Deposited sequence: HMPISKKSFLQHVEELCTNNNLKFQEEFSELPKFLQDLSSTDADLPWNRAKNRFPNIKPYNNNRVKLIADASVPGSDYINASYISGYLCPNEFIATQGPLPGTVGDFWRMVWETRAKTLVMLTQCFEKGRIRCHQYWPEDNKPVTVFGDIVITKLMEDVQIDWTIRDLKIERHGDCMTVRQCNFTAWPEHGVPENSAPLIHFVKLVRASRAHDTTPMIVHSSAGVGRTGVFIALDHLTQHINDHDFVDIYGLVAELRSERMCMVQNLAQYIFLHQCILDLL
């Protein structure tokens, strides 16, 4: 196993595609779904199981996002969310599922406690966890959310939200990509790549994470985080290692880049960029 040079990349992909994606499938089937010997037992505890949309998609104990715990309430520290490294720093991202109705409060508690100023939503539209224009204030525990603005563009919608607790407050920008097809991957890579760049340009200049979500927090979320890595990488280097990147992402959250179509789409994006 080795990274692939930019000059060799198209030939590499052509070889993977031949004989009905024979080698693409072989390769993708080589990647285990999860890392052997990293526990995910916290996510399997009885008091946490209803906080997971899919019983087979769980964060690892070591890098799950831990909410402030109440010692008298088991599971008060739990959300199905994982820290994921970015290209320039560890813990740049949190990969999470879109909240379940019963974990909306937990989701906003995560936003508050991590001081996250940017959310990336890859679905439409799956529970709306932000206020409606006609009911623009919502309350979860001691956290209050106020919708401040909405900006609907062709391939995404931007929403600014105020979050407050005990009078302290923060503004959070939600970047909601709206151009992902109901089935399969985007036919055209350009809108998603533009969205990746837009999100990065909007980010807070502090060490706080960006929260990225999709239904399971692994498929579309994995593609988005992988593209944010790959787009930066190819500006600094003349080789690319999508296989190794996915193996690293899976070492931080099981099943990141969940299916062969998503894996192939990452290669198509690189082809389009070169």
Residue ranges with no C-alpha coordinates, please: along the deposited sequence, counted from 1, in order. 126-132
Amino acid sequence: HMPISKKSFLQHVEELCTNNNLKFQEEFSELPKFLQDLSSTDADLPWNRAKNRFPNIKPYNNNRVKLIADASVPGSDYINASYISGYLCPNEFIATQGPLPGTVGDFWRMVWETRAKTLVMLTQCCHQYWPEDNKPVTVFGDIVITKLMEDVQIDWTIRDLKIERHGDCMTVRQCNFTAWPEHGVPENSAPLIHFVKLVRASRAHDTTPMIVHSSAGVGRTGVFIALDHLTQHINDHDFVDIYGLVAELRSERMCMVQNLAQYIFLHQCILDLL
From here on, numbers count along this sequence of modelled residues.
Quick check on the record: does 227-235 or 66-74 carry the larger mean Cα temperature factor? 66-74
Give the stretch, out of 214-222 and 24-32, with the larger mean C-alpha temperature factor in the deposited entry. 24-32
Per the PDB entry, maximal CA B factor within 164, 150, 113, 92: 150
Say you rank 130, 87, 108, 83 by Cα B-factor from the PDB entry; which sits at the top? 130
Ranked by Cα temperature factor within the chain, is residue 49 in the lowest third, the middle third or the highest third? middle
Chain-relative C-alpha B factor for residue 169 (record values, thirds): the highest
For residue 257, does the deposited CA B-factor place it in the lowest, middle or highest third of the chain? lowest
Would you check the entry's CA temperature factor for residue 103 and let me know if it's in the chain's lowest, middle or highest third? lowest
Consider only the C-alpha atoms of the modelled residues in this chain, order them by B-factor as the entry records it, and name the third containing residue 40: lowest, middle or highest. middle
